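Architecture and fold: a report
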Amino acid sequence: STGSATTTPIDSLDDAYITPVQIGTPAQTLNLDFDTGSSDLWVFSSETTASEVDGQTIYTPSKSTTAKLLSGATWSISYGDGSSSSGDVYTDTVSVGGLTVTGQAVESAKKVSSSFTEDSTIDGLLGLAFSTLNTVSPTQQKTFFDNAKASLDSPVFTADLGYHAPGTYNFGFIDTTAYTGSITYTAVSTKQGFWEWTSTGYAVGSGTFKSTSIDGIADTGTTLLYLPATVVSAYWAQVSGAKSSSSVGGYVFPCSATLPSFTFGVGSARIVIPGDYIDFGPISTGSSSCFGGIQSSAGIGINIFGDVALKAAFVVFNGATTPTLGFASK
């Protein structure tokens, strides 16, 4: 089997991407944030505290003939941005792009933090990291990918995120029309439950490439590119008037600037992030200070190749017995 679904930016900045997902029978379609940095499939639901729902579409298990309470199971998750959610668990039929899993754990939120409530466009998350990170207790549950894997034509999914445009998540096949050149594969460590890999270095604009190992994660659920302070300082030093602002919470730059590109290494291959991908616009409406898309990881504990990086590539998440990541230009 295979599946193929379009993913759409939630706003003009590409702050996140939403992908329609069918849950239950008859189908209830929710728009979920596919997140390769977490491992829970959770949704706004009929159980979510009413004051914490503001425009989201909800999953109502009582209206699904295939929903079953997963008795005694609870979940609770905290993300890198400080957001959180928790609740109970149903099993139900879940389909993405024509690919169906029966008996998928659908984590129904009873509570969500303010950042979720305030984002009316995101109806929940679909985790695509390793199932070792799933938070369901007392019986950990599998991701949609892990449950689909044995049925897929190839045990892979691909992320093809758009810059200010829709893109695609495919399951079970590699669309050889969707990228240019060849795919470079690189090793993955699953020790922390992430798609963790080591970049071979970076360049700023037309500058020379610096060969250096940068361990980090491929995380579709993170907007920006978070790298070591040395790398980030080297990038922003090439932008007149850029500075790190403790009041704003990262590097800002004059909105009048033209940003340089940023290149990262994948083995001997190179992915180039155009400068415009690094512009996240005014820090507040009407400001002439703009927020940078490359930020320091120093206060995180991990480097994160988020959407800023991943949208410059066609990315293969190879879930074979020995997982690997692949990157191609596009």
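If you check the header, you'll see the entry was determined by X-ray crystallography and the resolution is listed as 1.0100 Å.

Before going further, it helps to spend a moment on the overall build of the protein chain. Scanning the protein chain from N- to C-terminus turns up 4 helices and 24 strands. Radius of gyration (C-alpha) of the protein chain: 20 Å, near the 20 Å computed for a compact globule of 330 residues. Seen through its principal axes, the protein chain has C-alpha atoms that stretch 60 × 45 × 30 Å. Contacts in the protein chain between residues far apart in sequence, at least 24 positions, make up 66% of those at least 6 positions apart.

Spatial ordering of the open sheet is given by β15-β16-β20-β19, a layout of 4 strands whose pairing is antiparallel. Across the chains shown, the open sheet's two edge strands, defined by having one partner strand only, are β15 (243-245) and β19 (279-282). Between one strand and the next, the sheet's axes are offset by a mean angle of 40°, whatever the strand orientation. As judged from the 3 bridges shared by strand β16 (residues 250-254) and strand β20 (residues 289-292), these two strands associate in the antiparallel manner. Bridging across to β20, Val252 finds its partner in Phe291.

Let's shift gears to the packing of aromatic side chains. Applying the stated criterion to the full structure yields 25 aromatic pairs. A centroid spacing of 5.1 Å and a plane angle of 35° characterise the contact between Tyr179 and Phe314, whose relative ring orientation is tilted. A residue pair is termed long-range when its members are at least 10 positions apart, and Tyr179 in the loop between β10 (167-171) and β11 (184-187) and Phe314 in strand β23 (residues 314-318) qualify at 135 residues. As far as burial versus exposure is concerned, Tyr179 and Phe314 are alike and both buried.

Bringing the pattern of salt bridges into the picture now. Tallying each qualifying case throughout the model produces 2 salt bridges. Residue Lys311 is joined to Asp14 by a salt bridge in which the shortest nitrogen-to-oxygen separation is 2.8 Å. Of the two residues, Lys311 sits in the loop between α4 (307-310) and β23 while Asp14 sits in the loop between β1 (3-9) and β2 (17-23), which places them 297 residues apart along the sequence. For the salt bridge of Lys330 with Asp160, the shortest nitrogen-to-oxygen distance reads 2.8 Å. Placement of the pair is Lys330 in the segment after β24 (324-328) and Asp160 in strand β9 (residues 156-160), with a sequence separation of 170 residues. You can call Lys330 partly exposed: its relative accessible area is 38%.

Okay, unusual backbone geometry next. Among all residues save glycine, negative phi is the norm, and among peptide bonds the norm is trans. Residue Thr25 is joined to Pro26 through a cis peptide bond whose omega torsion reads -10°. Relative to the assigned elements, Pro26 resides in the loop between β2 and β3 (28-35). Omega for the peptide link from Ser137 to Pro138 comes to 0°, which places this bond in the cis form. With respect to the helices and strands, the residue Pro138 is situated in the loop between β8 (124-127) and α2 (144-148). The phi angle at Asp14 is positive, at roughly 60°, despite the residue not being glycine. Despite not being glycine, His164 has its phi angle at roughly 50°, a positive value. Relative to the elements of secondary structure, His164 occurs in the loop between β9 and β10. Judged by relative accessible area, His164 falls into the partly exposed class, the value being 42%.

Definitions and cut-offs
Residues numbered from 1 in each chain as written, not as in the entry; some residues may be left out. Heavy atoms only, no water. Residues with missing side-chain atoms left out of burial classes, pairs and counts. Helix = DSSP H or I, 4+ residues; strand = E, 2+ residues; numbered from the N terminus. Rg over C-alpha atoms; globule rule 2.2 N^0.38 Å. Contact = heavy atoms within 4.5 Å. Pairing = 2+ DSSP bridges. Axes fitted to C-alpha atoms, helices over the stretch in contact; angles between N-to-C directions. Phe/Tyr/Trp six-rings, centres within 6.5 Å; stacked < 30°, edge-to-face > 60°. Buried < 20%, exposed > 50% of the residue type's maximum accessible area, 1.4 Å probe, protein only. Salt bridge = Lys/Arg side-chain N within 4 Å of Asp/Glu carboxyl O.

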